[PDB]
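Trainee: So I've got this file, upload_6.tsv, and it contains TSV, C-alpha atoms:
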```tsv
chain	number	residue	atom	x	y	z
A	3	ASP	CA	-20.36	-15.88	10.13
A	4	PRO	CA	-18.91	-18.77	7.99
A	5	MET	CA	-17.46	-16.08	5.57
A	6	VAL	CA	-15.75	-13.92	8.27
A	7	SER	CA	-14.38	-17.29	9.49
A	8	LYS	CA	-12.81	-18.17	6.11
A	9	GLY	CA	-10.57	-15.05	5.45
A	10	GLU	CA	-10.34	-14.31	9.14
A	11	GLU	CA	-8.99	-17.85	9.44
A	12	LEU	CA	-6.25	-17.18	6.89
A	13	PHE	CA	-5.04	-14.16	8.95
A	14	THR	CA	-5.33	-15.17	12.59
A	15	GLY	CA	-1.57	-15.66	13.21
A	16	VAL	CA	1.69	-14.27	11.74
A	17	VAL	CA	1.75	-14.50	7.95
A	18	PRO	CA	4.93	-14.30	5.81
A	19	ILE	CA	4.88	-11.51	3.16
A	20	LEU	CA	6.68	-11.14	-0.17
A	21	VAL	CA	6.56	-8.02	-2.29
A	22	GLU	CA	7.92	-7.58	-5.90
A	23	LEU	CA	7.82	-4.34	-7.82
A	24	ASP	CA	8.84	-3.52	-11.36
A	25	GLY	CA	9.09	0.24	-11.97
A	26	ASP	CA	9.69	2.80	-14.72
A	27	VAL	CA	9.40	6.55	-13.80
A	28	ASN	CA	10.16	8.86	-16.83
A	29	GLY	CA	12.19	5.86	-18.33
A	30	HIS	CA	14.27	5.46	-15.17
A	31	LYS	CA	13.81	1.69	-14.68
A	32	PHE	CA	14.14	-0.11	-11.34
A	33	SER	CA	13.08	-3.23	-9.40
A	34	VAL	CA	12.40	-3.79	-5.69
A	35	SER	CA	11.96	-6.94	-3.62
A	36	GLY	CA	10.50	-6.88	-0.10
A	37	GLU	CA	10.06	-9.40	2.71
A	38	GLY	CA	8.46	-9.53	6.14
A	39	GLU	CA	5.36	-10.47	8.00
A	40	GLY	CA	1.85	-9.38	8.83
A	41	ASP	CA	-0.21	-10.01	11.97
A	42	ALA	CA	-3.75	-8.77	11.16
A	43	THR	CA	-5.01	-9.55	14.73
A	44	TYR	CA	-2.89	-6.46	15.84
A	45	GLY	CA	-2.92	-4.61	12.48
A	46	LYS	CA	0.88	-4.89	12.49
A	47	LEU	CA	3.20	-5.17	9.39
A	48	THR	CA	7.03	-5.41	9.43
A	49	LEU	CA	8.72	-5.13	5.99
A	50	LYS	CA	12.13	-4.61	4.46
A	51	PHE	CA	12.53	-3.53	0.79
A	52	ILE	CA	15.66	-3.75	-1.39
A	53	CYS	CA	16.28	-1.97	-4.68
A	54	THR	CA	17.72	-4.91	-6.61
A	55	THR	CA	18.77	-2.88	-9.65
A	56	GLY	CA	21.00	-0.40	-7.86
A	57	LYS	CA	19.99	3.18	-6.88
A	58	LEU	CA	16.31	3.77	-6.44
A	59	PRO	CA	15.58	6.77	-8.72
A	60	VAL	CA	12.64	8.08	-6.68
A	61	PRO	CA	12.34	8.74	-2.92
A	62	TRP	CA	11.56	5.62	-0.79
A	63	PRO	CA	8.67	7.53	1.01
A	64	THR	CA	6.96	7.82	-2.38
A	65	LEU	CA	6.56	4.04	-2.65
A	66	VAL	CA	5.20	3.36	0.88
A	67	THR	CA	1.52	3.29	-0.10
A	68	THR	CA	2.32	1.08	-3.16
A	69	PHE	CA	4.31	-1.50	-1.18
A	71	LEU	CA	-1.29	-4.78	2.08
A	72	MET	CA	-4.73	-3.70	3.40
A	73	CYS	CA	-5.70	-7.34	4.11
A	74	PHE	CA	-3.47	-6.92	7.19
A	75	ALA	CA	-5.71	-4.16	8.66
A	76	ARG	CA	-7.23	-4.87	12.09
A	77	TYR	CA	-11.04	-4.80	11.63
A	78	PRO	CA	-12.86	-4.46	15.00
A	79	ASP	CA	-15.12	-7.51	15.60
A	80	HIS	CA	-18.13	-5.15	15.18
A	81	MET	CA	-16.98	-4.27	11.63
A	82	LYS	CA	-15.86	-7.72	10.35
A	83	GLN	CA	-18.66	-7.62	7.67
A	84	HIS	CA	-16.92	-4.64	6.10
A	85	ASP	CA	-13.51	-6.27	5.47
A	86	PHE	CA	-13.43	-6.63	1.65
A	87	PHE	CA	-9.68	-7.41	1.61
A	88	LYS	CA	-9.75	-10.58	3.62
A	89	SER	CA	-13.03	-11.72	2.01
A	90	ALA	CA	-11.26	-11.82	-1.31
A	91	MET	CA	-8.66	-14.34	-0.10
A	92	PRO	CA	-6.98	-16.74	-0.89
A	93	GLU	CA	-7.70	-16.02	-4.64
A	94	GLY	CA	-6.85	-12.40	-3.97
A	95	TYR	CA	-7.58	-8.99	-5.35
A	96	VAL	CA	-6.26	-6.46	-7.88
A	97	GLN	CA	-5.26	-3.03	-6.40
A	98	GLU	CA	-4.95	-0.25	-8.97
A	99	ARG	CA	-3.95	3.33	-8.24
A	100	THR	CA	-3.22	6.70	-9.81
A	101	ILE	CA	-1.07	8.84	-7.52
A	102	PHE	CA	-1.04	12.51	-8.53
A	103	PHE	CA	1.98	14.40	-7.17
A	104	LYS	CA	0.91	18.06	-6.94
A	105	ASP	CA	2.76	20.25	-9.39
A	106	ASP	CA	4.64	17.10	-10.60
A	107	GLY	CA	4.09	13.76	-12.35
A	108	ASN	CA	1.97	10.72	-11.56
A	109	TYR	CA	2.38	7.06	-10.79
A	110	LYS	CA	-0.11	4.48	-12.11
A	111	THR	CA	0.20	1.10	-10.35
A	112	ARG	CA	-1.37	-2.32	-10.75
A	113	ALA	CA	-0.87	-4.94	-8.03
A	114	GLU	CA	-2.16	-8.47	-7.52
A	115	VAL	CA	-2.38	-9.42	-3.81
A	116	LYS	CA	-2.91	-13.15	-3.20
A	117	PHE	CA	-1.73	-16.22	-1.39
A	118	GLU	CA	1.06	-18.37	-2.83
A	119	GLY	CA	0.99	-21.32	-0.45
A	120	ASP	CA	1.34	-19.83	3.09
A	121	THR	CA	2.97	-16.61	1.83
A	122	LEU	CA	0.87	-13.49	1.15
A	123	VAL	CA	2.33	-11.96	-2.09
A	124	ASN	CA	2.02	-8.41	-3.46
A	125	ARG	CA	3.17	-8.18	-7.14
A	126	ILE	CA	3.34	-4.69	-8.49
A	127	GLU	CA	3.90	-2.92	-11.77
A	128	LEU	CA	4.48	0.85	-11.50
A	129	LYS	CA	4.72	3.47	-14.28
A	130	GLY	CA	5.39	7.14	-13.63
A	131	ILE	CA	5.31	9.88	-16.22
A	132	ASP	CA	5.45	13.64	-16.61
A	133	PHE	CA	7.82	14.09	-13.72
A	134	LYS	CA	10.14	17.11	-13.41
A	135	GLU	CA	13.90	16.25	-13.74
A	136	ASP	CA	14.91	18.34	-10.85
A	137	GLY	CA	11.59	18.25	-9.03
A	138	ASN	CA	10.93	16.92	-5.48
A	139	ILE	CA	10.61	13.32	-6.64
A	140	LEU	CA	13.33	12.80	-9.37
A	141	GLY	CA	15.41	15.45	-7.51
A	142	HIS	CA	15.24	13.48	-4.24
A	143	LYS	CA	14.01	16.46	-2.02
A	144	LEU	CA	11.69	14.50	0.28
A	145	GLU	CA	12.59	13.71	3.84
A	146	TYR	CA	12.96	10.10	4.99
A	147	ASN	CA	9.92	10.14	7.32
A	148	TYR	CA	6.17	9.55	7.15
A	149	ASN	CA	2.94	11.13	8.56
A	150	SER	CA	-0.19	9.31	9.95
A	151	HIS	CA	-3.14	9.36	7.60
A	152	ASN	CA	-6.84	8.11	7.39
A	153	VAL	CA	-7.66	6.19	4.20
A	154	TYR	CA	-11.41	6.30	3.17
A	155	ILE	CA	-13.10	3.20	1.80
A	156	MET	CA	-16.44	2.94	-0.11
A	157	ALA	CA	-18.18	0.22	-2.08
A	158	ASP	CA	-17.90	0.38	-5.89
A	159	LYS	CA	-20.89	-1.92	-6.51
A	160	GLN	CA	-20.41	-2.35	-10.31
A	161	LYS	CA	-16.77	-3.51	-10.27
A	162	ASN	CA	-17.88	-5.84	-7.44
A	163	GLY	CA	-15.21	-4.13	-5.29
A	164	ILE	CA	-14.19	-0.94	-3.58
A	165	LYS	CA	-12.83	2.48	-4.22
A	166	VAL	CA	-10.38	4.15	-1.93
A	167	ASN	CA	-9.20	7.73	-1.79
A	168	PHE	CA	-6.78	9.69	0.42
A	169	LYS	CA	-4.13	12.39	0.45
A	170	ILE	CA	-0.51	11.82	1.64
A	171	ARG	CA	1.63	14.86	2.52
A	172	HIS	CA	5.34	14.06	2.20
A	173	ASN	CA	7.68	16.41	4.13
A	174	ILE	CA	10.08	18.24	1.77
A	175	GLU	CA	13.63	19.02	2.98
A	176	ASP	CA	12.85	22.79	2.98
A	177	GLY	CA	10.00	22.38	5.60
A	178	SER	CA	7.21	22.42	3.01
A	179	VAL	CA	5.07	19.46	1.86
A	180	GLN	CA	4.60	17.48	-1.36
A	181	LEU	CA	1.00	16.35	-1.76
A	182	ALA	CA	0.42	12.96	-3.24
A	183	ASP	CA	-3.36	12.61	-4.07
A	184	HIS	CA	-4.30	8.86	-4.17
A	185	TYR	CA	-7.09	7.28	-6.17
A	186	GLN	CA	-7.54	3.63	-5.76
A	187	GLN	CA	-9.81	0.70	-6.83
A	188	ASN	CA	-9.81	-2.88	-5.77
A	189	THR	CA	-11.53	-5.88	-7.36
A	190	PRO	CA	-11.50	-9.62	-6.54
A	191	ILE	CA	-9.54	-11.97	-8.73
A	192	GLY	CA	-11.89	-14.93	-8.08
A	193	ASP	CA	-15.62	-15.16	-8.89
A	194	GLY	CA	-16.48	-15.99	-5.25
A	195	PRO	CA	-18.66	-13.74	-3.12
A	196	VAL	CA	-16.91	-10.82	-1.38
A	197	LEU	CA	-17.79	-8.34	1.35
A	198	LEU	CA	-18.89	-5.01	0.08
A	199	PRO	CA	-18.37	-2.50	2.92
A	200	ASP	CA	-20.36	0.48	4.20
A	201	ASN	CA	-18.27	3.72	4.08
A	202	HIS	CA	-15.45	3.48	6.74
A	203	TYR	CA	-11.74	4.37	7.07
A	204	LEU	CA	-8.37	2.72	7.89
A	205	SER	CA	-6.03	4.65	10.24
A	206	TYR	CA	-2.39	4.17	9.30
A	207	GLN	CA	0.84	4.97	11.13
A	208	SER	CA	4.11	4.24	9.34
A	209	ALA	CA	7.68	4.47	10.56
A	210	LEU	CA	10.69	4.34	8.23
A	211	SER	CA	14.16	3.15	9.12
A	212	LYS	CA	17.39	1.71	7.80
A	213	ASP	CA	19.14	-1.63	8.52
A	214	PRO	CA	22.64	-0.74	9.77
A	215	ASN	CA	24.15	-3.84	8.06
A	216	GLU	CA	22.64	-3.22	4.74
A	217	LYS	CA	24.70	-1.58	1.98
A	218	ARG	CA	22.14	-1.86	-0.78
A	219	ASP	CA	19.62	0.96	-1.24
A	220	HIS	CA	16.70	-0.18	0.94
A	221	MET	CA	13.88	0.82	3.31
A	222	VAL	CA	12.64	-0.80	6.55
A	223	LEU	CA	8.88	-0.13	7.03
A	224	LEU	CA	6.81	-0.65	10.14
A	225	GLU	CA	3.03	0.03	9.72
A	226	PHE	CA	0.06	-0.20	12.11
A	227	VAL	CA	-3.39	-0.15	10.53
A	228	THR	CA	-6.88	-0.27	12.14
A	229	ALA	CA	-10.33	0.04	10.63
A	230	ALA	CA	-12.80	2.47	12.20
A	231	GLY	CA	-15.48	5.06	11.53
A	232	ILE	CA	-18.39	2.68	12.18
A	233	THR	CA	-18.99	2.89	16.00
```
Please re-express this file's structure in structure tokens.
Mentor:
Amino acid sequence: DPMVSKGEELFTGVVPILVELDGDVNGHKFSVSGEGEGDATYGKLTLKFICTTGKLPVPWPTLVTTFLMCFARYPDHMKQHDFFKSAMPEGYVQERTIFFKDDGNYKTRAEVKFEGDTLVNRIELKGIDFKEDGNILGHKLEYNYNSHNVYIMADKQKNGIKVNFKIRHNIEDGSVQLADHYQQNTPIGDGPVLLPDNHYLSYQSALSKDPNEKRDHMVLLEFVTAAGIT
């Protein structure tokens, strides 16, 4: 498949990754830069993020889903369903609303595209209607992360996809903070893209810290594999 070849071909080895985020949550402004690498053959991503403005005013686990689905491992038998890669190098827009249960919401807009050999994720985030002393602005979420399926369907009319999933963030008291994700992606270029049958991505994410790093930061390791089409 001379299409599967093209995007495939852009992702067959280790690819450098840059991430930039500009954020405002209830007027608390912040910026984050991230670097690392993706290896889509194994569904593997290794990333480190730095708050460049000082203290991050929301919990790092809240930004995991915002901070690269083109690095998912699609089984050979499902390569016709990989929208993300098909959209490259010109890229795609990823928009979300993230509804924190009994709290505020993030709205994000990201452009994911190649800049030379580097895969870049540029993000604008706005959060509103958060509680002062709630789980997010009150920093009550644990520094950990649960494994999660992400469900993908075609959105024929935006020539793209829609994505939906729930994340449960562990709260320091032993309870959980639901973060209900609604997502849409659309290609940036006018070139043909793959429009998938319904399927899911399985994600596992591990969070850590760099023992030499004194700035507020997060180290993220993610494994991601497409399935649900046997």
Trainee: Report as JSON lines the residues of range 61-84 of chain A within 8 Å of range 31-46 of chain A, each with its shortest atom pair and distance in Å (one decimal), using all atoms listed in the file, ordered by chain and increasing residue number.
Mentor:
```
{"residue": "A:73", "atom": "CA", "partner": "A:42", "partner_atom": "CA", "distance": 7.5}
{"residue": "A:74", "atom": "CA", "partner": "A:42", "partner_atom": "CA", "distance": 4.4}
{"residue": "A:75", "atom": "CA", "partner": "A:45", "partner_atom": "CA", "distance": 4.8}
{"residue": "A:76", "atom": "CA", "partner": "A:45", "partner_atom": "CA", "distance": 4.3}
```
Trainee: Pick the closest to residue 149 in chain A from A:192, A:9, A:63, A:29: which is it, counting all atoms listed in the file?
Mentor: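 Closest to residue 149 in chain A of all the choices is A:63.
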Trainee: Smallest atom-to-atom distance to residue 119 in chain A: which of A:143, A:17, A:81, A:224, using all atoms listed in the file?
Mentor: A:17
Trainee: So which residues touch range 196-207 of chain A within 8 Å, counting only C-alpha atoms, skipping near sequence neighbours fewer than 5 positions away, as a PDB file with C-alpha atoms, in the coordinates of the input?
Mentor:
```
ATOM      1  CA  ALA A  75      -5.710  -4.160   8.660  1.00  0.00           C
ATOM      2  CA  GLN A  83     -18.660  -7.620   7.670  1.00  0.00           C
ATOM      3  CA  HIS A  84     -16.920  -4.640   6.100  1.00  0.00           C
ATOM      4  CA  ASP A  85     -13.510  -6.270   5.470  1.00  0.00           C
ATOM      5  CA  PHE A  86     -13.430  -6.630   1.650  1.00  0.00           C
ATOM      6  CA  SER A  89     -13.030 -11.720   2.010  1.00  0.00           C
ATOM      7  CA  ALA A  90     -11.260 -11.820  -1.310  1.00  0.00           C
ATOM      8  CA  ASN A 149       2.940  11.130   8.560  1.00  0.00           C
ATOM      9  CA  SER A 150      -0.190   9.310   9.950  1.00  0.00           C
ATOM     10  CA  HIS A 151      -3.140   9.360   7.600  1.00  0.00           C
ATOM     11  CA  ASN A 152      -6.840   8.110   7.390  1.00  0.00           C
ATOM     12  CA  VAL A 153      -7.660   6.190   4.200  1.00  0.00           C
ATOM     13  CA  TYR A 154     -11.410   6.300   3.170  1.00  0.00           C
ATOM     14  CA  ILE A 155     -13.100   3.200   1.800  1.00  0.00           C
ATOM     15  CA  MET A 156     -16.440   2.940  -0.110  1.00  0.00           C
ATOM     16  CA  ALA A 157     -18.180   0.220  -2.080  1.00  0.00           C
ATOM     17  CA  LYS A 159     -20.890  -1.920  -6.510  1.00  0.00           C
ATOM     18  CA  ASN A 162     -17.880  -5.840  -7.440  1.00  0.00           C
ATOM     19  CA  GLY A 163     -15.210  -4.130  -5.290  1.00  0.00           C
ATOM     20  CA  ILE A 164     -14.190  -0.940  -3.580  1.00  0.00           C
ATOM     21  CA  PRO A 190     -11.500  -9.620  -6.540  1.00  0.00           C
ATOM     22  CA  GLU A 225       3.030   0.030   9.720  1.00  0.00           C
ATOM     23  CA  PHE A 226       0.060  -0.200  12.110  1.00  0.00           C
ATOM     24  CA  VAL A 227      -3.390  -0.150  10.530  1.00  0.00           C
ATOM     25  CA  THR A 228      -6.880  -0.270  12.140  1.00  0.00           C
ATOM     26  CA  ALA A 229     -10.330   0.040  10.630  1.00  0.00           C
ATOM     27  CA  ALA A 230     -12.800   2.470  12.200  1.00  0.00           C
ATOM     28  CA  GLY A 231     -15.480   5.060  11.530  1.00  0.00           C
ATOM     29  CA  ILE A 232     -18.390   2.680  12.180  1.00  0.00           C
TER      30      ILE A 232
END
```
Trainee: Nearest residue to residue 65 in chain A out of A:25, A:92, A:107, A:214, using all atoms listed in the file?
Mentor: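 For residue 65 in chain A, the nearest of the given residues is A:25.
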Trainee: Would you compute the distance between CA of residue 56 in chain A and CA of residue 30 in chain A? Give it in Å to one decimal.
Mentor: 11.5 Å
Trainee: Can you work out which one of A:99, A:129, A:172, A:212 has the shortest atom-to-atom distance to residue 184 in chain A, counting only C-alpha atoms?
Mentor: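 Ranking A:99, A:129, A:172, A:212 by distance to residue 184 in chain A, first place goes to A:99.
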Trainee: So, counting all atoms listed in the file, which residue among A:217, A:116, A:8, A:110 is closest to residue 130 in chain A?
Mentor: A:110
Trainee: Just to confirm, what's the straight-line distance from CA of residue 97 in chain A to CA of residue 170 in chain A in Å (one decimal)?
Mentor: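 Calculated distance between CA of residue 97 in chain A and CA of residue 170 in chain A is 17.5 Å.
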Trainee: Let me make sure I understand: among A:108, A:180, A:208, A:188, which one has the smallest atom-to-atom distance to residue 148 in chain A if we use all atoms listed in the file?
Mentor: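 Looking only at the distances to residue 148 in chain A, the closest residue turns out to be A:208.
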Trainee: Between CA of residue 115 in chain A and CA of residue 22 in chain A, what distance in Å does the model show, to one decimal?
Mentor: 10.7 Å
Trainee: Counting all atoms listed in the file, which residues have an atom no more than 12 Å from (12.6, 2.7, 8.1) in the file's coordinates? Please list them as an mmCIF file with C-alpha atoms, in the frame of the given file.
Mentor:
```cif
data_model
loop_
_atom_site.group_PDB
_atom_site.id
_atom_site.type_symbol
_atom_site.label_atom_id
_atom_site.label_comp_id
_atom_site.auth_asym_id
_atom_site.auth_seq_id
_atom_site.Cartn_x
_atom_site.Cartn_y
_atom_site.Cartn_z
ATOM 1 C CA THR A 48 7.030 -5.410 9.430
ATOM 2 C CA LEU A 49 8.720 -5.130 5.990
ATOM 3 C CA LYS A 50 12.130 -4.610 4.460
ATOM 4 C CA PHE A 51 12.530 -3.530 0.790
ATOM 5 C CA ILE A 52 15.660 -3.750 -1.390
ATOM 6 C CA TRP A 62 11.560 5.620 -0.790
ATOM 7 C CA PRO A 63 8.670 7.530 1.010
ATOM 8 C CA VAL A 66 5.200 3.360 0.880
ATOM 9 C CA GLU A 145 12.590 13.710 3.840
ATOM 10 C CA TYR A 146 12.960 10.100 4.990
ATOM 11 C CA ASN A 147 9.920 10.140 7.320
ATOM 12 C CA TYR A 148 6.170 9.550 7.150
ATOM 13 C CA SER A 208 4.110 4.240 9.340
ATOM 14 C CA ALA A 209 7.680 4.470 10.560
ATOM 15 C CA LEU A 210 10.690 4.340 8.230
ATOM 16 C CA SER A 211 14.160 3.150 9.120
ATOM 17 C CA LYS A 212 17.390 1.710 7.800
ATOM 18 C CA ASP A 213 19.140 -1.630 8.520
ATOM 19 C CA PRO A 214 22.640 -0.740 9.770
ATOM 20 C CA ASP A 219 19.620 0.960 -1.240
ATOM 21 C CA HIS A 220 16.700 -0.180 0.940
ATOM 22 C CA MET A 221 13.880 0.820 3.310
ATOM 23 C CA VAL A 222 12.640 -0.800 6.550
ATOM 24 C CA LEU A 223 8.880 -0.130 7.030
ATOM 25 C CA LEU A 224 6.810 -0.650 10.140
ATOM 26 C CA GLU A 225 3.030 0.030 9.720
#
```
